[PDB]
Amino acid sequence: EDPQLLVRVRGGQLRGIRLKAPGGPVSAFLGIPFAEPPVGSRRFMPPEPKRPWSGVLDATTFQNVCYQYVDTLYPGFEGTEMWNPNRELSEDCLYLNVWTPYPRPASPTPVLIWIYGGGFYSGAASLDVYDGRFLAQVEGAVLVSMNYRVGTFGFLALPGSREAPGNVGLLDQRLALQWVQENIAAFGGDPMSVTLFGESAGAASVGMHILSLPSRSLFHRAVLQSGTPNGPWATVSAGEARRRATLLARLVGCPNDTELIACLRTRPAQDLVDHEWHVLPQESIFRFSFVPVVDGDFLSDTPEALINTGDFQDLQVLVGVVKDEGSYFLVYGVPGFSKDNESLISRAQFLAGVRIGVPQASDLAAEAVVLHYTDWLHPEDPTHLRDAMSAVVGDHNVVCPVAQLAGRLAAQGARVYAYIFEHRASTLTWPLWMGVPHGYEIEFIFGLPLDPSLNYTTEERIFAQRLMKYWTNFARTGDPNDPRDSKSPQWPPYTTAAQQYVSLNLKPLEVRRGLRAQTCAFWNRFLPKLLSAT
Amino acid sequence: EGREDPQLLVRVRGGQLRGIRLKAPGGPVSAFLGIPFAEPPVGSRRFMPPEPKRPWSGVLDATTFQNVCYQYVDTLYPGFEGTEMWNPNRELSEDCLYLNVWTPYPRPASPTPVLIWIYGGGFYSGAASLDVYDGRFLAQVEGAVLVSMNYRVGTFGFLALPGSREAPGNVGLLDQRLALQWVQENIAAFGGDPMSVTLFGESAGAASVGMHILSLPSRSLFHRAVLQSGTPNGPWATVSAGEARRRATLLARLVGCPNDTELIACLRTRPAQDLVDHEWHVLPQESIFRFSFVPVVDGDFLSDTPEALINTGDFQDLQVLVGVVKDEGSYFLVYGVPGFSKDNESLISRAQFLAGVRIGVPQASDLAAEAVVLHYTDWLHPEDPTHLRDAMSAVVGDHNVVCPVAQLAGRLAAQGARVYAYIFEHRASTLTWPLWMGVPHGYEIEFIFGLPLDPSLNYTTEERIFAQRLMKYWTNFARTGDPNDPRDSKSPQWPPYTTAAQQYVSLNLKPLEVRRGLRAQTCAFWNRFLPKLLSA
Ligand SMILES: *[C@@H]1O[C@H](COC2O[C@@H](C)[C@@H](O)[C@@H](O)[C@@H]2O)[C@@H](O)[C@H](O)[C@H]1NC(C)=O
Ligand SMILES: *[C@@H]1O[C@H](CO)[C@@H](O)[C@H](O)[C@H]1NC(C)=O
Ligand SMILES: *[C@@H]1O[C@H](CO)[C@@H](O)[C@H](O)[C@H]1NC(C)=O
């Protein structure tokens, strides 16, 4: 037995597996339980710490994916399948994964904790794009990723109830964070240097740990990729959570909160998922049924209120967006859009897409969006209209929420670094019109281009090495700039005054100013004033 | 007769006239100045439509400009050429309905296209006798017959109690119409062609031209139109019948006049200066680019709002030239926006910007005003004093001129008209206004009229050549309905403005450059978005 692969944690002993990375071996400890299986009476309930076990636990394999909706829009297509569960679905899914250098670090190493996205309705830490072996091997990092409950199982709330209090998926993440504090030193990780990073709902999740005080003692730095806790999709009110929970229950024949939740707990998992999408208040895209709730507990106030009034003095944050945040979502609901054609649309279809794409928008607000995003020199041009549709969805849901967060954090004392990611992977299977879609920076940050069997260009490999360095420098120091390297040029902090951010592409860093400043002023300053009066 | 110049004696329908031979740089021109076209609108005729001038006996002396219509005289910067150039240069009188004709010397043997100038000044000021409106250069260099008329302004031209017989409103426009009828009957005596008449005007003059396009009785009196930095549509060129009535009766109160017959009769007893002294007191809000007595939508001269009439009109056998200067708003900022002056750089604070926007968009709600502020703010430099100053200028110019012109051009083009559009971007070397104002409202006119040709005025040689270019464009358009030269085609062409391609030309010292979209995005804000906000 290899002593590098044998670790004692508080719960007992584990056996990991030596994996081959391109440059050398790594130690992986996969499928480690951090909670009691949240099954039977424990459904919808906060997670409990895993009971200690006897002997040596086999941690050589990824554990089950949390029970979730699986996308079926394009069967057998790698662009969609790469996000689908790659292990069996189960409610028993509260396990985490650790990658370390082989041999394990001689001195305490900065820890990166990955929180996947998927709209709080999907995702898994076992996906090939979240493979931590490259960062471990090349950068010497200790990388951790956890499964958290998604959908009804993670976020169905009857606020104020003891049995479905809400945000339990977020508590799953917090428990994995606690597990790292208590146990990561055994693997050579430094619990006094923990960086959370995540994409999409994962970045929103990272954001919620920033805004929830009990999470704050469990990490030191944060990275939010293409997602925020503020914004239109990441939270609901307690009233809207209750309403959706009560409707889902009706839809499955259930049944006083106690009685309603008891009947929901009797239902086969797939029975809940069958009706998951039927509880949304309007026809929409970029809207998810069961998400974090403003409960007055995990989240003391709305994230908007919390970012406006928080003190973020001793925090460093890396945030950013991809060049084409909205394109990917268009094919999941807006008529005229499809991966299989160029998606050239009419004005009529633009107007209709805006109502679906900004579902809470009133008639007047929807007219303001159309009038702002129309190119009045080319008002009927299908290429313009299609690209504007993408812009509306990406700006409303990601870019402007991100600018808003960056600015508040910066004003309230945080050290902030911002990027836009603009390289389209040579291997991308989505069509050209989608540009650099949501999610397609991740494979570069994780260093997948360094596996020569994946057929990335040598440029893409060098670029991936640049990104791995920015991320791990940031984890190490709270500054993504290389401290032993001179020229570059340097990545400046994002500030409310200068509003500097950098482009991440195959060219050297270029510094730009103003992250869609005019358009986000429309979204962040004008539209709120509109509908709070009308 | 006997000893006088035989080219200076002409008979019109009312009698015999004697003109004057004037010197232009390239040679002599004939001028017939101060020809009366109406009975003096005095006493019981105050506020009343003009009646045609009754024939006179003997030879009327038409050798000097006549009285300027009674008006408010700008007093903000006394001694200063920049303002005095617009001020009255003849005696102020209610007896002011006279017109001017310049023609070549000797008068042309075959009938020549006629240009009729209508001055601006917010419908409260102006005269055809001002030096910037001197027709001699066009007459001499282009062989043009040029006509300009005085029309009543202020209360005298536009005070209305709509529905009344004694103060029906729009009579200043009726003065202009009567001057157009005079040209039809009489211009052939000077060698002018009454079947080729082009109206042109600036500011309120341009608005007036647009209103002659929209008023059917005017349509037989002219064939083509040029609107410079003004339009009949937009926030200032007209008022509703209710607003006219409201202002007329407030004015009456302020001058001691308490049934419309009795009110108007009391107003007719008041000294002219008493009316001028309270003219500005009747505006509903603190404002710039708003004028108390302007054309009224009376359901007669204007059968509907200009907005309605341009959206539904048939303009098929109409050619129109329209444009703007680079900095329409700047001039207006010093007549009411706190923080602004010709004698400093007018760098303003954000607070002054927000305050200025309420004054510059006086009919805007709180929400609309904040939409404006949010649109014009540069969110990279929300507090830069230079950007704020320039944004204030842009707000005022776009709202009042540039976007109404874009709206006008689009409707005209979509409904059959041949439209040619420009932006004029040359700053006169002789301009006395400060540099921050850029190319202000009013400062294309001296070039169209060819003042730079007078070497005593000290324009550069390049400006002389540029004036000659503009004069060709305007007279080519007058001749043919196309500003382009028939022969010369190596030069770059001025393509028509269309809704599809939205093309217009830069007018500056360089050859014509074609550009697309007149402030397309920002005018979508003013012309499409704001009115939808106004609906609730
Ligand atoms: C510029 O002037 C504005 C208008 O007030 C005056 O004009 C200046 C030139 C002086 O002659 C003063 O005596 C006048 O009252 C001011 O309101 C504005 O603040 C000025 N800008 C600055 C900062 O100088
Ligand atoms: C693209 O394809 C989809 C479905 O195959 C269809 O709904 C859409 O109308 C198509 N659009 C174009 C550009 O023809
Ligand atoms: C034009 O220039 C001359 C010669 O220097 C000067 O004396 C005269 O005053 C100037 N005239 C004007 C109109 O400013």
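Letters go in sequence order (proteins before strands), and every chain restarts at 1.
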Look at the aromatic rings of B:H426 and B:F424 and report parallel, tilted or perpendicular, splitting at 30° and 60°. perpendicular
Where do A:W523 and A:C400 come nearest, in terms of heavy atoms and distance? CD1-SG, 3.7 Å
Residues B:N508 and B:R427: side-chain donor-acceptor under 3.5 angstrom: no
Can we call the ring centroids of B:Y119 and B:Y151 under 6.0 Å apart? yes
Nearest-0.5 Å distance, CZ of residue A:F522 to CG of residue A:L371: 8.5 Å
Would a line drawn from the ring center of B:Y420 to the ring center of B:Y497 be shorter than 6.0 Å? no
Does the side chain of B:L509 come within less than 4.5 Å of B:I465's, by heavy atoms? no
Are any non-hydrogen side-chain atoms of B:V395 and B:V372 less than 4.5 angstrom apart? yes
Full working for side chain to side chain donor-acceptor pair (under 3.5 Å) between A:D395 and A:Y373: CA-CA 11 Å; A:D395 295 344; A:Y373 277 96; 2.5 Å; yes
Check for a donor-acceptor pair, side chain of B:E142 on one end and backbone N or O of B:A139 on the other, with a separation under 3.5 Å. no
Taking atom types as modelled and ignoring hydrogens, do the side chains of B:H441 and B:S203 form a donor-acceptor contact shorter than 3.5 angstrom? yes
Return yes if some donor-acceptor pair links the side-chain N/O of B:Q140 with the main-chain N/O of B:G26 below 3.5 Å, else return no. yes
Under a 3.5 Å cutoff, is there a donor and acceptor pairing between the side chains of B:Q502 and B:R515? no
Does B:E462 come within less than 4.0 Å of B:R464, counting only side-chain N to carboxylate O? no
Does B:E307 have more than 12 heavy atoms from other residues, nucleotides or ligands lying within 6.0 Å of its CD? no
Closest non-hydrogen atoms of B:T312 and B:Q415, given as atom of the first, atom of the second and distance, are N-NE2, 4.3 Å
ring-ring contact (aromatic ring centres under 6.0 Å, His included) test vs B:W86 passes for just one of B:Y443, B:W433, B:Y335, namely B:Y443
More than 12 non-hydrogen atoms from neighbouring residues, nucleotides or ligands closer than 6.0 Å to CE on B:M85, yes or no? yes
Check the side chains of B:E446 and B:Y459 for a donor-acceptor pair under 3.5 angstrom, ignoring hydrogens and angles. yes
Please name the pair of heavy atoms, one in B:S287 and one in B:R290, separated by the smallest distance, quoted to 0.1 Å. OG-CB, 3.6 Å
Count the heavy atoms of every other residue, nucleotide or ligand shown that sit under 6.0 Å from CD of A:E342, and state whether that count exceeds 12. no
Identify the heavy atoms of A:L530 and A:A365 that sit nearest to each other, and give their distance. CD2-CA, 3.7 Å
Is it true that B:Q228 and B:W474 share a donor-acceptor pair across their side chains at a distance under 3.5 Å? yes
Only residue of B:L146, B:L453, B:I448 satisfying side chain to side chain contact (heavy atoms under 4.5 Å, CB included) with B:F137 is B:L453
Can you see whether A:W376 has B:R528 sitting over its ring - NZ or CZ less than 6.0 Å from the centre and within 45° of the normal? yes
Is the closest side-chain donor-acceptor distance between B:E463 and B:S429 under 3.5 Å? yes
For the atom pair CH2 (B:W436) and CG (B:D327), what is the distance rounded to the nearest 0.5 Å? 9.5 Å
How long is the straight-line distance from CG of B:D317 back to CZ of B:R219, given to the nearest 0.5 Å? 9.0 Å
Closest non-hydrogen atoms of B:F123 and B:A237, given as atom of the first, atom of the second and distance, are CE1-O, 3.9 Å
Flag for A:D381-A:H384: side-chain donor and acceptor within less than 3.5 Å: yes
Distance col, row B:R224:CZ vs B:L318:CG, nearest 0.5 angstrom, shows 9.5 Å
Would B:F222 and B:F200 count as a close aromatic pair, with their ring centres under 6.0 Å? no
Can you tell if the side chain of B:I116 reaches within under 4.5 Å of the side chain of B:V197, non-hydrogen atoms only? yes
Do the side chain of B:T480 and the main chain of B:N476 share a donor and acceptor less than 3.5 angstrom apart? yes
Any luck finding a side-chain donor-acceptor pair between B:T475 and B:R479 under 3.5 Å? yes
Could you tell me if the side chain of B:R516 sits less than 4.5 Å from the side chain of B:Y504, heavy atoms only? no
Is there a donor in the side chain of B:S229 and an acceptor in the side chain of B:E328, or the other way round, less than 3.5 Å apart? yes
B:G481 backbone acceptor or donor facing B:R418 side chain under 3.5 Å: yes
Please tell me if the side chains of B:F449 and B:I445 come closer than 4.5 Å, counting only heavy atoms from C-beta onward. yes
Indicate yes or no: at least one non-hydrogen side-chain atom of B:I423 is less than 4.5 angstrom from one of B:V325. no
Could you check whether the rings of B:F289 and B:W236 sit parallel, tilted or perpendicular, using 30° and 60° as the cut-offs? tilted
For the residue pair B:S208 / B:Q176, report whether a side-chain donor-acceptor contact shorter than 3.5 Å exists. yes
Quiz question: by atom type and distance under 3.5 Å, do the side chains of B:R389 and B:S330 form a donor-acceptor pair? no
Spatial distance of atom CZ (B:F529) from atom CG (B:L534) [nearest 0.5 Å]: 11.0 Å
Parallel, tilted or perpendicular, judged at 30° and 60°: which one describes the rings of B:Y422 and B:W494? perpendicular
When every non-hydrogen atom of B:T231 is compared with those of B:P404, the smallest separation belongs to OG1-CB, 3.3 Å
If you measure from CD1 on B:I310 to CD1 on B:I213, what distance do you get to the nearest 0.5 Å? 10.5 Å
Assess whether side chain to side chain donor-acceptor pair (under 3.5 Å) is satisfied between B:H375 and A:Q518, documenting all intermediate values. CA-CA 8 Å; B:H375 182 87; A:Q518 295 304 114; over 6 Å; no
